[PDB]
Amino acid sequence: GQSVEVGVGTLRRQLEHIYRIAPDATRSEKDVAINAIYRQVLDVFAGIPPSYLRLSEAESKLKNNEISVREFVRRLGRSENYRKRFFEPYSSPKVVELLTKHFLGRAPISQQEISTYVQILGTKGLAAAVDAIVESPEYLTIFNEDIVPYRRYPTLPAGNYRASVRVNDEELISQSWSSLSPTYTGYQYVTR
Amino acid sequence: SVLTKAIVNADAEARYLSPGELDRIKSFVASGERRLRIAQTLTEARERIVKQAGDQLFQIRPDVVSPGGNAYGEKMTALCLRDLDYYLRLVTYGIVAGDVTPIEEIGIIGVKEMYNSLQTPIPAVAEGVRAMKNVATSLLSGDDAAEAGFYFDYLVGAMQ
Amino acid sequence: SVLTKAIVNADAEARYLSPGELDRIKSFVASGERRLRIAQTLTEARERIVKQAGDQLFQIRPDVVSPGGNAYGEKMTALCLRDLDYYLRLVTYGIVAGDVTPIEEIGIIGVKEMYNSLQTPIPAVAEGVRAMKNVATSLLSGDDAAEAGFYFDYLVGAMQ
Amino acid sequence: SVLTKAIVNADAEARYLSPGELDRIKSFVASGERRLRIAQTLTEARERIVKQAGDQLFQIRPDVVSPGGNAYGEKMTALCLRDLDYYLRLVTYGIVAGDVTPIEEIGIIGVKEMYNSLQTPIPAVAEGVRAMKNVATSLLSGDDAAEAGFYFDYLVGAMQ
Amino acid sequence: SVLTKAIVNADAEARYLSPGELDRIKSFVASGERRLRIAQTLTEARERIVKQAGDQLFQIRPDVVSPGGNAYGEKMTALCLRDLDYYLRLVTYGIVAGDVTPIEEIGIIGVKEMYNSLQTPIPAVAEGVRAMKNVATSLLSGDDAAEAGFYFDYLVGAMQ
Amino acid sequence: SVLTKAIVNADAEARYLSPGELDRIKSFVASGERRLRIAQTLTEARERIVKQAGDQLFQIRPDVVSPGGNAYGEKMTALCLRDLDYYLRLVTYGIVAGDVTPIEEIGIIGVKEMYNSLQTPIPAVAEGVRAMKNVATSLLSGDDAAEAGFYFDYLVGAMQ
Amino acid sequence: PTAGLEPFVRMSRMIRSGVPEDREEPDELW
Amino acid sequence: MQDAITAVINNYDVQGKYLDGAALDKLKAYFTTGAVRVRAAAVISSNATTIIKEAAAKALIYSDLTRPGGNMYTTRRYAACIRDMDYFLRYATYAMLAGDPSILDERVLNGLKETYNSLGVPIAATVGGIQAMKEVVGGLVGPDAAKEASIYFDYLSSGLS
Amino acid sequence: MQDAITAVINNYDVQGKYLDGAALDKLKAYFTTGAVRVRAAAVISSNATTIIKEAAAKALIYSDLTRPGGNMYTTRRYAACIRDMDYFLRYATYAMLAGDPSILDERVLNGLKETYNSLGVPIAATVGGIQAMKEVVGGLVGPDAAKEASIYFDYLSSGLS
Amino acid sequence: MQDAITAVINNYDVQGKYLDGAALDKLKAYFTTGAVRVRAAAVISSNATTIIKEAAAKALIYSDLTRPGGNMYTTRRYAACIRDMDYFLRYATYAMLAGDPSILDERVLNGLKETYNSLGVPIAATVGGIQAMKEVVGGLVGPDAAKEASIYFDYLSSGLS
Amino acid sequence: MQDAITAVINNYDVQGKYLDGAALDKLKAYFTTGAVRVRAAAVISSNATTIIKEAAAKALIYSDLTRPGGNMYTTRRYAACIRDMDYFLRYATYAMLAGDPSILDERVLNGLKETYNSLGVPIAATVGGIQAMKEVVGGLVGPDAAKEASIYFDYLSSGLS
Ligand SMILES: CCC1=C(C)/C(=C/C2=NC(=C\c3[nH]c(/C=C4\NC(=O)[C@H](C)[C@H]4CC)c(C)c3CCC(=O)O)/C(CCC(=O)O)=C2C)NC1=O
Ligand SMILES: CCC1=C(C)/C(=C/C2=NC(=C\c3[nH]c(/C=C4\NC(=O)[C@H](C)[C@H]4CC)c(C)c3CCC(=O)O)/C(CCC(=O)O)=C2C)NC1=O
Ligand SMILES: CCC1=C(C)/C(=C/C2=NC(=C\c3[nH]c(/C=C4\NC(=O)[C@H](C)[C@H]4CC)c(C)c3CCC(=O)O)/C(CCC(=O)O)=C2C)NC1=O
Ligand SMILES: CCC1=C(C)/C(=C/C2=NC(=C\c3[nH]c(/C=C4\NC(=O)[C@H](C)[C@H]4CC)c(C)c3CCC(=O)O)/C(CCC(=O)O)=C2C)NC1=O
Ligand SMILES: CCC1=C(C)/C(=C/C2=NC(=C\c3[nH]c(/C=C4\NC(=O)[C@H](C)[C@H]4CC)c(C)c3CCC(=O)O)/C(CCC(=O)O)=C2C)NC1=O
Ligand SMILES: CCC1=C(C)/C(=C/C2=NC(=C\c3[nH]c(/C=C4\NC(=O)[C@H](C)[C@H]4CC)c(C)c3CCC(=O)O)/C(CCC(=O)O)=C2C)NC1=O
Ligand SMILES: CCC1=C(C)/C(=C/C2=NC(=C\c3[nH]c(/C=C4\NC(=O)[C@H](C)[C@H]4CC)c(C)c3CCC(=O)O)/C(CCC(=O)O)=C2C)NC1=O
Ligand SMILES: CCC1=C(C)/C(=C/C2=NC(=C\c3[nH]c(/C=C4\NC(=O)[C@H](C)[C@H]4CC)c(C)c3CCC(=O)O)/C(CCC(=O)O)=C2C)NC1=O
């Protein structure tokens, strides 16, 4: 007999949290929530950047409630720190599905969409593509003005559950973003 | 368990367990031999708490074992007493785990949709679940009866 | 506290506190009387703990009290022990609550940036805290000394 | 390079290069032979430069080369000059590229984390680089010495 | 300008200007007097330039100035040269700024929508601009004529 | 092919072919259109399959591209991928015919003796073929990927 | 001939099969 | 991506070598052709639209491709095709400025062969569209730049076939 | 993921069994070691950085790995490597608290072998980095916890090889 | 998606043909069955829940499938399964109204076989759930519509196997 | 948010004071009520729906509020209103456990008065819905806990008026 673990897990609903923020509500709570934005959006699997890219003035804008979580996420999407590390090295087709996931938690839906975003990256560039998503109906209903985005595994579109399982939490990020000094590969071993 | 719940928070914030989290694992595990012992009383009387629950349930709401009732008949009742046996089992699991993770995945998440489909009357079911508390609790010492009672009241809480 | 931490996680799944995230609170309440007592004991000997911590520190790291050292001089040393007095205070707070919570907001988040500006060697502040553990721990029963020790090792951990 | 930087901005906005971007490529390439001469001179005196930097460093910070110093000893000093040789090399790369892309990926992004692990005092590495500026700059004409100096001050800047 | 562009990129990445960014400000400002001379010459001959562009245009496209043409008639032609005067002005602005920021906000972003409404044939406006390049360029030294020419070809590019 | 194999067995017995053998031929004819299509698909991506096979190979067995390795160097590696290109070609032949036949005569009978002479490690050639299976198989539908996979595993088998 | 296979000296975004020829080794000197 | 200059820097960085005579000679060979690359880019950019129109006219339209059943039938697909053409032209102009084809691999060729197989986009017909734009480009840019522009169009087209 | 308390429940749930004597004995065997797991985690967490530093010093740096041509050459890659090290240490601490290796499979090992093959990351060298951190950990945590911490480092390292 | 009518229009559009006699005959063959399709959809829609209930009762529950170890064990998975059932019923009703199966491919079958393999969802058992709903549907809709509804349930089920 | 205990810690932290004797009296009280607050919290939770089905009955429905023109007319708005009621009950239970009303300000009252003015939601009617739930709660929880639960319902209701 199959256990509770056998179908669609049980370890993934536990692992998905919804963080909101509560304007008048503690630094620590703010921090963890803020840290999760970084983890979902720029991959950061260890969940925090060695005081990197980050958000000087970005953090004060999000807290203060000057900016709302949706907005902060949109700023984060169009930035140098992001362009380099996810669009610096990829033809026009896998960068689109990667921009999709981080911000919609998935892969491209159908062949008709490999068109809407490829033409927006075609002509208006990366910044416009980021905005196209943060403002779509799908983004809005699911995480609206203030839910930090999370991984999804959604059931519905057909084929999308298995694609989603594969794009996120099954196949990680390869390829070093920078092109500066290739890794040589003839030396697996550390004998001494 | 407490662990499954006490680690998930750790991993989600990308960190080792807190002094607090470590302390509760400590206190929890110290209450092991005893928690095991409260869950053994309840397996002893597994079919007798259930039978007794069945009766109380039908006095407080009989209509379910009547012409137009979801549990009308001998095998529509066998199924009902069987669902009460299921939930008592899950309650013993919860008590030995020290939280609901197992109880939840097995028998509350999806339970509204299941019972709505069957048009079993769910809210009658909460009362039925409540009756088991009354019987089980009369076979346990004051201290152990309370510890058990939290898990019964959880199911009653979810269920509805 | 343990309360704050439990609750904050609760409101997060739109849920009620479950039978686990109640047991920890109960443990904490019993623990709190003992926890309150340990903090009071630590508070009584504060001047001795700080001073003896300060001697233990400057033997182990004489470079901080030397020409090019952050704590070189009588009033650069006075402020250094005052900072050691600050952290002992926060450690009593952490113990009593049962959760570290407030200490983090008061004295670790931002501490790298503060001390980097002042050019204070962080890892020798971590040593000053180990030194306080050693003194404080010698004024407490084995069981209470361990319970206190977790909070000292946390601060040592956070300055890292 | 100047090329890489211009292009990446072009492609990211889905467009051909600007008059400005084209102009800087033109001014840059006109300085090619000069930039190559600046790198040659410095490559030709590399062994002299690191050492004079190394003497200037140990006078200013005799402690780094002292009991509790990161560079204390003959082979802890040998590795230290080797790191100074590394950075001079990267500075020659930067000068011929006309920007820092290469310098950055090879030796500043991650440098805080690397040296913090090794417990190397970062600001005294910045001093070693100033020391190299002083030596290298004394082997170059006024105009070429300034052009070189920008790249030295960048590295000094990034270790900060 | 070159300044605005450099700074905006600096501020957006939360940082001081790069050696590269500093270099281009320096090369740019050195060309200040020259760029100002290029704008002066063209400002000084504006009425002649617009006209010779206008002759070159109506030979190449006598239709625009024909029954079903957007510029057909004396006052539909008067407005057409006025638009050519507008763009020459913006070209002088661009040359003294060293980039297109000003040229762009004033006269290309929205230009498709404006002219589509008026039903003006965009590509023949691009021709009017080439015609102005030809005239303006014949009043400038080889080196200054090229520097000017980049800004003419930009406008020609943006109407596309 | 399937034809050659069936016939050769027929003629050896000196009797016309009989119903079964015939059934296999009929299956092969229907299969052949699909088989021809798979070979064409494999042929289209040959350069990508070989190159990515070659990377997958040298990670898994870096020793062949090392001082005492058969494929050590740029042109000892060039010939190695050329051999991988040879075997992919033979795999397309095998698929199309429906029987392995010609591939055996072309590239396995005698292969031990050839490679032993050249001192090529045979089992790492078998690995290069597995690597090609992995790449080729990711460019084919499930059903076609299996049909192709049998021929890859044959070559892997014959080098044994 | 092996000309098609030859431009495979570019490897990947950054994948070179092992050891980058002569490599300076300055540790003795330092 | 990498250009001529960073190609050399990264090749030496992995060996930890300061730039030597051979390196310095390569970089000179780039710098010495640099002004010509810039002029060529300004011609291509400013004639972009005309190059596509003349390349389509010689190699794509007036054909079964633009008729019902053809892949560039429908205004939708005709638009997608000349959109693609603009990508090729624009990126080849980047490659030629950089003096390195690496950008054509990273941002254009990677996965494109299979993308076209999956949509049904005719590969051979697309190559002719590339080699027609090259033909036009080589006329417009002149003796100075013809060979240098040409190679990155040829890089593109053997990347698909 | 699952932990010892949770695994006992799901292992029985699939059989639809009440927890029985054998189950209850297993759970006791976990609870009875619980306080020791907590103390060990507090030592590891608070010495995290020193463990990585001492593990790298014994098993990674002062070597060809950190020299030009080596995979942990460049500040970028050195940073990525000790970043990884922190993951391993941190997750092993989770596995040891949970008393179950399932999290090491779900969130660390799955696909990692091939990820390292694809980037060129030396596997054998990474295992030594794991087994050096174990060595340090086993000293710091003491008799009580040494064997229990150790196994999840050994789980990690036979997961790569 | 496409229906009967747009199937014909697009088949002629690619040839650039005005609709001819053969086309017009096909469209008539659709229009002439149209009123019956509508009535059938109103029966299915308004009996939706009962069809699922009777189909599950004949082909899924009272079995190992609903017992521990079974894929429709847990209220979670039981809910997911009858949720799926509702999709099938609802889309088959769309296909039958449209008189074209193309929507069943575009929005239901594409990737579903492998999705079920990846989760462990039993394919053969799901087909029986489809062919049981067909059985119920064919009774409820009557002689007029029985054959026409039935085919799109059969389309669904040979799409999985 | 803050509770009894962190209210005291933060009040002393801003003065940089170690906890002194009177402060410690205050912590002793909270641990004395910790048993009853927990038992009481449980009771409310499982009887929640019953409880809520008595406060509406005595303070909201059978009225103009539920009739056309009323703010809890339509199943949509009736659902929104008893949804709100559940928030109040649930948060008041948090406040009472914490022994501090600060959470009722941070996560419930802030902006709510104007939100209700903007939608037209009747404030006075909502207060009666709060004070009816208090009435029910005070019966169910008993002498031990009645006064302590009650105050956070009263905090909520003077927060709106
Ligand atoms: C709109 C078109 C569409 C369809 C059809 C669809 C199916 C679909 N079924 C799923 C899971 C599932 N499907 C079933 C189905 C069954 N279990 C059984 O034992 C029976 C044989 C069968 C019912 C007759 C179950 C039990 C799961 C849950 C697997 C898990 O636990 O992860 C999932 C994974 C995401 C989720 O759990 O919701 C999808 C996407 N998704 C779509 O977007
Ligand atoms: C990019 C332009 C920009 C500026 C300048 C900026 C300022 C700024 N200062 C803030 C807080 C603050 N600012 C200070 C500043 C000071 N404390 C003192 O006692 C001194 C008098 C003074 C330093 C000299 C402090 C202490 C806070 C924290 C207040 C709190 O605890 O909430 C906040 C609230 C969000 C946050 O905490 O980060 C902002 C937005 N934000 C911006 O986006
Ligand atoms: C930035 C680099 C980059 C490139 C090059 C690129 C190509 C590309 N071409 C596409 C489609 C296409 N490409 C063409 C191209 C042609 N049709 C023909 O018949 C000719 C042979 C050829 C033009 C010469 C057509 C017709 C489609 C549409 C296919 C469809 O209808 O789905 C698509 C699918 C998404 C979309 O429709 O926009 C991509 C991504 N995408 C990129 O990101
Ligand atoms: C562990 C999680 C879990 C539960 C709870 C579960 C319940 C469940 N209850 C069922 C039937 C049933 N359940 C009942 C129960 C009742 N009748 C009443 O009126 C009362 C309200 C109630 C008894 C208290 C009845 C009468 C049936 C038979 C209904 C039928 O056959 O149509 C069935 C279908 C029969 C079968 O194949 O087993 C399942 C799967 N399945 C699960 O996987
Ligand atoms: C069914 C969807 C569809 C349409 C409409 C379509 C139009 C279309 N019109 C074309 C040319 C043309 N179309 C026109 C049309 C006109 N000239 C004018 O001034 C008038 C405004 C207008 C007539 C009313 C002309 C003059 C050309 C030749 C342009 C050239 O060769 O440069 C061409 C290129 C020639 C070819 O290869 O066929 C196409 C593809 N293609 C399609 O797939
Ligand atoms: C090209 C980019 C790059 C750099 C810069 C780099 C530096 C680097 N410096 C190291 C050690 C070191 N570096 C120093 C340097 C210093 N000591 C001081 O006090 C001074 C502040 C400073 C000299 C100016 C010392 C003393 C060590 C030995 C530390 C140890 O062994 O613990 C090591 C470890 C030893 C090894 O395996 O090589 C590396 C990798 N690695 C790189 O890939
Ligand atoms: C949360 C679980 C998790 C793990 C463990 C993880 C590992 C991981 N290591 C990576 C790269 C890497 N990993 C290393 C590791 C090493 N280099 C060496 O020489 C040593 C043998 C070793 C350290 C002991 C290096 C150098 C790279 C960079 C490769 C590159 O330049 O692209 C990458 C590629 C993306 C990136 O560069 O960050 C991943 C995803 N990712 C994860 O999400
Ligand atoms: C237009 C949208 C809309 C609807 C439908 C609506 C229904 C509605 N039904 C109510 C009561 C009720 N509704 C019923 C209905 C039934 N009893 C049964 O057993 C049957 C299943 C069912 C009759 C078919 C009963 C018995 C009550 C009284 C319940 C009570 O007072 O506790 C009430 C509370 C009394 C009131 O204040 O009016 C409302 C608001 N309100 C709305 O705004």
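Letters go in sequence order (proteins before strands), and every chain restarts at 1. What's counted below: heavy atoms across the whole structure, side chains too, no hydrogens, waters or symmetry copies.
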Checklist entry - How close do D:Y16 and H:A48 get, heavy atom to heavy atom, and via which atoms? => result OH-CB, 4.1 Å
Checklist entry - Which one of D:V8, D:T101, D:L90, D:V96 has the most heavy-atom pairs closer than 4.5 Å to chain H? => result D:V96
Next on the checklist: Taking atom CD as the centre, does D:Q56 end up with more than 12 heavy-atom neighbours from other residues, nucleotides or ligands that are less than 6.0 angstrom away?
Outcome noted: yes
Item to check | Under 4.5 Å from a heavy atom of chain H, the part of D:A30 involved | outcome: neither
Checklist entry - Are D:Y93 and H:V8 close enough that some pair of their side-chain heavy atoms sits under 4.5 Å apart? => result no
Checklist entry - If you measure from CG on H:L97 to OG1 on D:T4, what distance do you get to the nearest 0.5 Å? => result 11.0 Å
Next on the checklist: Which residue is it: D:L22, D:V29, D:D23? I am looking for the one with a side-chain contact (heavy atoms from CB on, under 4.5 Å) to H:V38.
Outcome noted: D:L22
Checklist entry - Looking at H:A98 and D:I7, what are the two nearest heavy atoms and their distance? => result CB-CD1, 3.9 Å
Item to check | Value rounded to 0.5 Å, distance of CZ in D:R15 from CZ in H:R90 | outcome: 10.0 Å
Checklist entry - For H:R83, does the CZ atom sit with more than 12 other heavy atoms under 6.0 Å from it, leaving out its own atoms? => result yes
Next on the checklist: With rounding to the nearest 0.5 angstrom, report the CG to NZ distance, D:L36 to H:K28.
Outcome noted: 6.0 Å
Checklist entry - How about D:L42 and H:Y18: do any of their side-chain heavy atoms sit closer than 4.5 Å? => result no
Checklist entry - Rounded to the nearest 0.5 Å, how far does CD1 of H:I5 lie from CZ of D:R35? => result 9.5 Å
Checklist entry - Side chain, backbone, both or neither: which part of H:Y87 has a heavy atom under 4.5 Å from chain D? => result neither
Checklist entry - Side chain, backbone, both or neither: which part of H:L19 has a non-hydrogen atom closer than 4.5 Å to chain D? => result both
Item to check | Value rounded to 0.5 Å, distance of OH in H:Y30 from CG in D:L3 | outcome: 4.0 Å
Item to check | D:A6, part contacting chain H, at a heavy-atom distance under 4.5 Å | outcome: neither
Item to check | Rounded distance [0.5 Å steps], CD1 in D:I106 versus CG in H:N10 | outcome: 6.5 Å
Checklist entry - So which of H:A35, H:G16, H:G99, H:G34 has the largest heavy-atom pair count under 4.5 angstrom toward chain D? => result H:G16
Item to check | Part of D:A39 lying under 4.5 Å from any heavy atom of chain H | outcome: neither
Next on the checklist: Ignoring hydrogens, what is the shortest heavy-atom contact between H:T6 and D:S1? Give both atom names and the distance.
Outcome noted: CG2-N, 3.8 Å
Next on the checklist: Test of understanding: with salt bridge (charged side-chain N to carboxylate O under 4.0 Å, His left out), list the residues that count as partners of D:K5, not counting sequence neighbours.
Outcome noted: D:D99, E:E21
Next on the checklist: How about OH on H:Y116, more than 12 heavy atoms from neighbouring residues, nucleotides or ligands closer than 6.0 Å, or not?
Outcome noted: yes
Item to check | Per-residue contact mode, H:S45 against chain D (heavy atom under 4.5 angstrom) | outcome: both
